[PDB]
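**Q**
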Amino acid sequence: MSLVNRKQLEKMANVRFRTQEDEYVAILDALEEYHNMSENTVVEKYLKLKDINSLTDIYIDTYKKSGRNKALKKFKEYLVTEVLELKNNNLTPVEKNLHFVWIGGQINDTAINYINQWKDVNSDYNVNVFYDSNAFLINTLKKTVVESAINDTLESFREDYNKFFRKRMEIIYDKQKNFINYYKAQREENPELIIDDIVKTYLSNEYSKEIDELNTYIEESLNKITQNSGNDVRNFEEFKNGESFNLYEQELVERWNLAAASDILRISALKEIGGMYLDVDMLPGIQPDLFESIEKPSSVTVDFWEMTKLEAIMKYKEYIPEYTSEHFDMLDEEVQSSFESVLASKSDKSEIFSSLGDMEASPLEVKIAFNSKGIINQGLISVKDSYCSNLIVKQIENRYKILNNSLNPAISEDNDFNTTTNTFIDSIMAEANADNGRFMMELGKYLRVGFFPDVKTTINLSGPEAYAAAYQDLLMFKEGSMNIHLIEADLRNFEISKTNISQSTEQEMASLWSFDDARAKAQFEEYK
Amino acid sequence: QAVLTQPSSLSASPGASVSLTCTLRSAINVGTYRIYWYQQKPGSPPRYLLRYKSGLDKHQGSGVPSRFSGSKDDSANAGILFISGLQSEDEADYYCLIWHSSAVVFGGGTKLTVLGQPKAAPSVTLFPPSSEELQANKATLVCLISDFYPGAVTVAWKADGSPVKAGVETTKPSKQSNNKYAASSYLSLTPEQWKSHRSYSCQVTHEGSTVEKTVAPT
Amino acid sequence: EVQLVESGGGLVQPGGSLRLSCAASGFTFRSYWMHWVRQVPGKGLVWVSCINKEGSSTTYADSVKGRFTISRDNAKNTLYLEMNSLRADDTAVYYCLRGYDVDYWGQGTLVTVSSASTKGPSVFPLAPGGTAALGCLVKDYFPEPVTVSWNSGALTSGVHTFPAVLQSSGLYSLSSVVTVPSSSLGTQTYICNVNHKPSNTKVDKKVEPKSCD
């Protein structure tokens, strides 16, 4: 179909004995201008003459009592729908680029084994495994501090927990705030020091680290990542000129939140390069035809049948040794024979895993992945400079701009942990809004990110909440939505097909440790 | 000019490093496209080579040696194909691609000649029309250029010293058994013309030098 | 192992039709776009037609617009090209290749568009400088596959058959030469064996040094 045209809209919003107002015609005129736009592309179709909504919302704020309001309100609904027809019927090929991120430490072999599976089936794709060459010791310095944060916590605790994690975060913040002052100072005296220089100096002075054996970890980390596809380094001239950089350095150096710096990187790299981002815990999709002859038992969850598939493929083909048969080893030999026979009747990796190939997506969209708890950015697809990718970056940029207008005042007062939290909570409660009510609540937990349970701030800043907020800005014809009011059935429009990714891997299945009440006093017993 | 233009041919010695250019006319075109490179060793179909669009949007075909690399030289709008550590196994024709107003456009092609053998001069042999091919009417002179390594010659016939190219079809050089080159050229006539002029020549030019044979009706 | 093998090429009257068929194996024949590209033998590469993953939209070159049709059968993993109203411009080798950003090429099938009809060859001897040489002249024939051995295939050192050349009359001619010692010339017979397969002819000619008075 299409959208309603000028004659049609004239029928809907007609009121007998009521002439056409100056602004009512502005809507009819722009709508007619729209349907004479076949020579134009998708992007400037979406705005140049597909706002309309603007000229419509103008009519409803001038003539608040007009009869046509009820009809034009439905007209705005047909505009959201036409945007989805635009997204689904005009698709261009996607850049054959695959993006991974490993920053802060040495890449371990399990991550390389998962990446090598994408290269073998998709031999027509560039593989970039982004790393920060200047910050290999950010994971090393994070461990050292919390290690020492417990030695000093238990030193003054001669008689529980809760009070443990409470009085531990106070120490971590002081050792954190101490390092940030050393960094901001070292960078002033010597602008030529990189992050790694400052960290091995701080780790050697205040923690007696064999710095002889530290510059070895740096040499091995680069030698490893550089011969495994690499295609990266702290390069990116367009990422460093962009406003999103000192946001990434803030989560990296001032915060030691390795993942939150990756959340900022992935969406910016997709917008500037194009391609498809994946966490290193993801595996290529399985050929949909492979195990159709092995009926799944009706007394078994769907997730179980999904992991057992990958575990079987890794048992009789051994692409990845040391992959657990943990879930496969619980079927009778009547069923394990069904897998071994099917894994015999294939002889190539691309007979088992589906390749991506010539993918295509819309210039407006950024395709996001799904699980049981909503959208998740363990897999993203976007064409270069897609309209959604720009909205997600402005959304994350806008959300951090809010975070720092209230947090940086309290950091500058250099008090302890609790006086700084009280100053920071009032500042978000001051410049608070009725729109961002759901947002500013999760913001108060920001200092505890990485060191406590029940902290959902990272999600509301540069995670799923920001992506959905960008999808709303797309579908509501606005920018800067803070309160999500899109239903789940709406967001599945930007879903990534289950046959392009394999999520139930051993790895991202092994990163579901709850760390809450189901822990109960434990882990402290480890500390001996 | 012509959307996307390459040089005709270039030669270099083994071990040397070369760079081929795929220039593309100025105007509605810059260096924000991909450049797709291809190698076609003669007698065979092309081979995918590279794809370079940016530092992060580049690719090398499976099996392409690491000595092939691509970049783009700005100010000249051209894409480049570095081949360092040249060898005789790299002698081929090279084409680039670009996606334009839809469709897809090729370049002219660069006949890269990697010389890895001792150079040789042509051995020109000029045959008159035989007694048989004269009873059947028809008169055909055969100029046969054999054994020479720089496989690029220029043939041109002469009659009584004056030049003539009316009625000449000529083959291009081809590899022979001893890995050198050889080309042939024919001149069709009529028995009236063969019996009228005094001399016939065929003159080839190869590396500035100019061999010139000559026969005559005796 | 990705392989693409095309077929259907042959010899056609100018105006006739042909159906080329590239058959795909080794990859998911969906998932990817496909192209056709022709190469006039001895000249550069030239693009022809391109089809979608699903075959919904297609783009043709200005030369073959209206005359050519691209078709794609995702079941029988095979591509098609239907060539109507053939000129002599269309004589070339046609390759099928894969992907939007294009990756792998096929073997290439040859298509020739000429008017003349099959004719056997005429063979004339080239009778005898430090060693001197001799040869055979095979001219005026059609279908190009003309093979030439020497002395029923006796010795092959010194033999070089040249590539054929198309004459104005639409007929091919080639020559084959062989270098023999000037000593053994005379009292040692050198014949050449022309074998024209499509016209079902085999001429055997003995070259002996010309006698002049």
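Here the protein sequences come in this chain order: X, W and A.
Positions in the first sequence are counted from 1; adding 19 to them yields my numbering.
Positions in the second sequence are counted from 1; adding 1204 to them yields my numbering.
Take the third sequence: its position 94, counted from the start at 1, is 90 in my numbering, and no numbers get skipped.
We treat Cβ as the ideally placed atom computed from N, Cα and C, and that holds for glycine.
Please tell me whether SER281 (chain X) and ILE122 (chain X) are closer than 8 Å, where the distance is taken between their beta carbons.
**A** A contact, by the Cβ cut-off of 8 Å.
**Q** Residues of chain W with CB closer than 9 Å to the CB of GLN163 (chain A), please, in chain order.
**A** Those are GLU1373, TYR1390 and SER1392, listed as they occur along chain W.
**Q** Would a C-beta distance cut-off of 8 Å place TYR1404 (chain W) and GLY1355 (chain W) closer than the cut-off?
**A** Going by C-beta atoms, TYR1404 (chain W) is not nearer than 8 Å to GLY1355 (chain W).
**Q** Within the same chain, show all residues whose beta-carbon is closer than 6 Å to that of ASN147 (chain X), passing over the 5 residues directly before and after it, in chain order.
**A** Cβ within range, chain order: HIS118, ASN250 and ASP251.
**Q** If contact is defined by three or more beta carbon pairs under 8 Å, each pair taking one atom from either stretch, is the segment 269 to 276 of chain X in contact with the segment 99 to 119 of chain X?
**A** As far as the Cβ criterion goes, the segment 99 to 119 of chain X does not touch the segment 269 to 276 of chain X, which means the pair count is below three.
**Q** Out of W:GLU1373, W:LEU1345 and W:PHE1331, point me to the one whose CA is closest to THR1358 (chain W)'s CA.
**A** Measuring from the Cα of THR1358 (chain W), the nearest candidate turns out to be W:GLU1373.
**Q** Excluding five sequence neighbours on each side, which residues of the same chain lie with their C-beta closer than 6 Å to the C-beta of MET326 (chain X)?
**A** Counting only Cβ-Cβ distances below 6 Å, and skipping sequence neighbours, we find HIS346 and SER523.
**Q** Using a 10 Å radius around the Cβ and a threshold of 16 neighbouring Cβ atoms, would you call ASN127 (chain X) buried or exposed?
**A** Exposed.
**Q** Any beta-carbon of chain A closer than 8 Å to the one on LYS1376 (chain W)?
**A** Yes, its Cβ sits closer than 8 Å to a Cβ of chain A.
**Q** Counting contacts by CB-CB distance shorter than 8 Å, is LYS219 (chain X) in contact with chain B?
**A** No chain B is part of this structure, whose protein chains are labelled X, W and A.
**Q** Helix or strand or just coil, what does DSSP make of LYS26 (chain X)?
**A** Correct three-state label for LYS26 (chain X): helix.
**Q** Would you say residue 628 (chain X) reaches chain A, if we count a Cβ-Cβ gap shorter than 8 Å as a contact?
**A** Outside the displayed span of chain X (20 to 547) sits residue 628 (chain X), for which this structure offers no information.
**Q** Is there a Cβ from chain X that is less than 8 Å from the Cβ of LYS49 (chain A)?
**A** It does; some Cβ of chain X falls within 8 Å.
**Q** Quick one: residues in its chain with C-beta nearer than 7 Å to the C-beta of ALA489 (chain X), no 5 flanking neighbours on either side, listed in chain order?
**A** So the list reads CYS407, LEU410, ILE411 and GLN414, once near-sequence residues are dropped.
**Q** Does the Cβ of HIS504 (chain X) have 16 or more other Cβ atoms within 10 Å, making it buried, or fewer, making it exposed?
**A** The residue is exposed, with fewer than 16 neighbouring Cβ atoms inside 10 Å.
**Q** Determine the burial state of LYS198 (chain A): buried for a count of at least 16 other Cβ atoms within 10 Å of its Cβ, exposed for fewer.
**A** That one is exposed.
**Q** Just checking, does the segment 70 to 86 of chain A make contact with the segment 7 to 16 of chain A on the three C-beta pairs under 8 Å criterion?
**A** The answer is yes - the segment 7 to 16 of chain A touches the segment 70 to 86 of chain A, with three or more Cβ pairs under 8 Å.
**Q** When the Cα atoms are used, what is the spatial distance from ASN1233 (chain W) to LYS1369 (chain W)?
**A** About 42 Å.
**Q** In chain order, what residues of the segment 77 to 99 of chain A put their CB closer than 7 Å to some CB of chain X?
**A** Result list: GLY95, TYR96, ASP97 and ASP99.
**Q** Kindly indicate the opening and closing residues of the alpha helix (DSSP H) around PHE94 (chain X).
**A** Its alpha helix (DSSP H) spans residues 87 to 108.
**Q** Counting only Cβ pairs nearer than 7 Å, list the residues of chain A close to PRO112 (chain X).
**A** Per Cβ cutoff of 7 Å: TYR96.
**Q** With a threshold of 7 Å (Cβ to nearest heavy atom), would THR152 (chain A) be considered close to the ligand FAD?
**A** Questions concerning the ligand FAD fall outside what the structure shown contains, since it holds no ligand whatsoever.
**Q** Measure how close the beta-carbons of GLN1210 (chain W) and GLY1312 (chain W) come, nearest whole angstrom, since I'm counting them as under 8 Å.
**A** With 8 Å as the limit, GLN1210 (chain W) and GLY1312 (chain W) qualify as a contact, their Cβ atoms being about 4 Å apart.
**Q** Which residue marks the beginning of the beta strand (DSSP E) containing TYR1240 (chain W), and which one marks its end?
**A** Residues 1240 to 1244.
**Q** Roughly how far, in whole angstroms, is the beta-carbon of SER1388 (chain W) from the beta-carbon of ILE1349 (chain W), given that I think they are within contact range, below 8 Å?
**A** With a Cβ gap of about 7 Å, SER1388 (chain W) and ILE1349 (chain W) count as contacting.
**Q** With a threshold of 8 Å between beta carbons, is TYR28 (chain A) in contact with chain X?
**A** For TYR28 (chain A), the answer is yes, since a Cβ of chain X falls inside 8 Å of its Cβ.
**Q** Can you look up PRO177 (chain A) in the DSSP assignment and give me helix, strand or coil?
**A** If DSSP states are grouped into helix, strand and coil, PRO177 (chain A) belongs with coil.
**Q** Can you say whether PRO177 (chain A) is buried or exposed, counting buried as having 16 or more other CB atoms within 10 angstroms of its CB?
**A** Exposed.
**Q** Would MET188 (chain X) pass as a contact of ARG467 (chain X) if the rule is Cβ separation under 8 Å?
**A** Yes, the Cβ-Cβ distance between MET188 (chain X) and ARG467 (chain X) is below 8 Å.
**Q** List, from N- to C-terminal side, the beta strand (DSSP E) runs of 3 residues or more that fit wholly inside the segment 139 to 200 of chain A.
**A** Those beta strand (DSSP E) runs which fall completely within the segment 139 to 200 of chain A and span 3+ residues are 142 to 146, 168 to 175 and 186 to 192.
**Q** When the Cα of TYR226 (chain X) is compared with those of X:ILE421, X:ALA204, X:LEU212 and X:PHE198, which residue comes out closest?
**A** Here the closest residue by C-alpha is X:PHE198.
**Q** Where does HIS54 (chain X) sit, in a helix, a strand or coil, going by DSSP?
**A** Helix at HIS54 (chain X).
**Q** Do we get a CB-CB distance below 8 Å when we pair residue 1171 (chain W) with the residues of chain X?
**A** Not covered by the structure: residue 1171 (chain W). The range shown for chain W is 1205 to 1422.
**Q** Applying a beta-carbon distance threshold of less than 8 Å, which residues of chain A neighbour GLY1283 (chain W)?
**A** Within 8 Å Cβ-Cβ: nothing; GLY1283 (chain W) doesn't reach chain A, min ~14 Å.
**Q** Please tell me whether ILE292 (chain X) has its Cβ less than 8 Å away from any Cβ of chain W.
**A** Interface residue, yes.
**Q** Cβ atoms of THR81 (chain X) and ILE46 (chain X): under 8 Å apart, would you say?
**A** No, the pair does not count as a contact, with Cβ atoms beyond the cut-off.
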